[PDB]
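The chain that follows stands alone, in the form deposited in one PDB entry, written as structure tokens.
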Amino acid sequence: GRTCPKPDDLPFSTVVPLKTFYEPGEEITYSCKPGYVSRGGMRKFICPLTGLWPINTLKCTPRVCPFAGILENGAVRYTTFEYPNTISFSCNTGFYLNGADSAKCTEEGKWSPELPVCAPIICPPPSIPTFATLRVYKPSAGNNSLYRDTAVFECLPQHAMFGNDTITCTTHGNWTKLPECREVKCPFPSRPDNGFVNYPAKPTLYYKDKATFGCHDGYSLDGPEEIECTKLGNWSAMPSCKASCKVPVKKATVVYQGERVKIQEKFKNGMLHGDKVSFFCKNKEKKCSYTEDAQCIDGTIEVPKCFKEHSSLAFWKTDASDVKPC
């Protein structure tokens, strides 16, 4: 007699019982696979005497989970919302994901886990360190702060801040490192030889107290006029009063700070300690002029050997300063 052959394999379906041939009268059942549905549901068929399976209209399609394309204050990555697809979640800047960062459309057509929600990152009010005060703080969310809000500490008078005055509200709802404020003391600064020092009239000097230095005529400071008590207990500097130099020649054109000057004119009131200058010398061979340097150090300046004075107009090809350069 005729038999029906092995039934067609339709997409996303199973057939029960599955055999390679059937006697007329035997029943098969097509079902959608878990996670699929079809217009009509299960199709049952009985092998007819002709041995021909009739037409099967079963169309098995994925279950569709509910629309999950919008995360308030964030983003969803998805292709479609159908079984068995995963969707991914993330939050805009300043929000955190309250829930799982992914979810799956299950064979039952619901999301697992449940869809998350985005919420504002918040820090509680910050603690004030000891001997610190709070300059810049205003809450931006009820009484709490929002992500990347800042607070600024300043120390009490006579206290140095170790660390940094500005804290930020982090992603972890806690603030960045607090700074410490300790009291710091400096010794009295030493009066320099050939000068004086002024600092405030009181028995101890603290962080940020200023001392100013002066020199007697004929001396200048070899460092800054004003110094301050630093966070490490020492002073910003300790300058000396150093001796000025007499102009070492009666008349000469020199280079000072990259320009030609008359040394008698530019330094009519002496040369300060530090003042550097270049004297002009003649190369007799190549009939041209070169410079050698000289510096005022604590009342002494060494004019180069090559320099020849009584410079008006005399020596062949005139003053070294007026001769063509080498």
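C-alpha atoms forming the largest set that superposes within 1.5 Å between two forms make up the rigid core. Start at 1 and count along the sequence shown; that's the residue number. Shifts are known only where both forms have a C-alpha.
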Discussion item. If you take the mean CA temperature factor per stretch, which one wins between 154 to 162 and 100 to 108?
Written reply: 154 to 162
Worksheet item: Where do the C-alpha atoms have the higher mean temperature factor in this entry, in 137 to 145 or in 113 to 121?
Response: 137 to 145
Worksheet item: Between 33, 287, 44, 273, which carries the biggest CA temperature factor in the record?
Response: 287
Discussion item. Among 248, 187, 173, 239, where is the Cα B factor highest in this entry?
Written reply: 187
Practice prompt. Using the B-factor values recorded in the entry, state whether the Cα atom of residue 231 falls in the lowest, middle or highest third among the modelled residues of its chain.
Written response: highest
Fill in: For residue 182, the third of its chain into which the C-alpha B factor falls
highest
Worksheet item: Considering only modelled residues of the same chain, in which third does the CA B-factor of residue 213 rank: lowest, middle or highest?
Response: middle
Fill in: residue 324 - which third its CA temperature factor falls in, relative to the rest of the chain
highest
Item to complete: Rank-wise, by C-alpha B-factor, drop residue 278 into the lowest, middle or highest third of its chain.
Response: middle
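A second form of this protein, the form deposited in another entry, is not displayed here; the remarks below concern that form.
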Discussion item. Once the core is superposed between this form and the one not shown, does residue 310 show a C-alpha displacement of at least 2 Å?
Written reply: yes
Practice prompt. Using only residues present in both forms, find each stretch of at least 3 consecutive residues where all Cα shifts reach 2 Å or more between this form and the one not shown, with the core as the superposition reference, and list them in order along the sequence.
Written response: 310 to 317
